[PDB]
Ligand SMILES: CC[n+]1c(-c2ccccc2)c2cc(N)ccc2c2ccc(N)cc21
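The chain that follows stands alone, in the form deposited without ethidium (ET), written as structure tokens.
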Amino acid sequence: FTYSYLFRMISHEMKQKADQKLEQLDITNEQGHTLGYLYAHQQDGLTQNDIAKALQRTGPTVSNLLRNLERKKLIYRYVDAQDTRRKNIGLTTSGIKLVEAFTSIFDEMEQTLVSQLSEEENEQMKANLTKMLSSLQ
């Protein structure tokens, strides 16, 4: 195996593992992005229109998506007390936990990788990979 092959395959498998984590948590990639956006910005009092612009999606796709997430109670929605025509959206406890669980896949892969080798071996491996990265730069 050339390095080009190994690095390409490793990259591919890591991306696949992230997709599989979503599958295991029973959410689509777009639902994951929606939850992730709420996780980063819900302090602001976010509406469907905010979400729609963030996902670069139309209102109807956002509505179904929010309906799906709400049916699972990963999010909640309430009418804004000062604007009856507006509904704000927050993450529930379960929604926060799901986002953090998906995110944890990266740390989990890193630990899988590290556990393949002994401590000194990891040090040499990382040093040599750094030399390799340097040579491409």
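Each residue number is its position in the shown sequence, starting from 1.
If you look for the form deposited with ethidium (ET) bound, you will not find it shown, but the lines that follow are about it.
Classification of the binding site as blocked follows from the superposed pose of ethidium (ET) in the bound PDB entry: three or more of its atoms fall inside 2.4 Å of backbone or C-beta atoms here. Only one of 84 to 92, 108 to 116, 32 to 40, 51 to 59 places residue heavy atoms within 4.5 angstroms of ethidium (ET) in the bound PDB entry, namely 32 to 40. At the 4.5 Å threshold, heavy atoms of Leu74 stay clear of ethidium (ET) in the bound PDB entry, well away from it.
Not displayed here, ethidium (ET) is kept clear of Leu65 by more than 4.5 Å at the level of heavy atoms in the bound PDB entry. Contact check for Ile27: a heavy atom falls within 4.5 Å of ethidium (ET) in the bound PDB entry. For the partner-free chain shown, just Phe102 of 70 to 104 comes within 4.5 angstroms of ethidium (ET) in the bound PDB entry, judged by any non-hydrogen atom.
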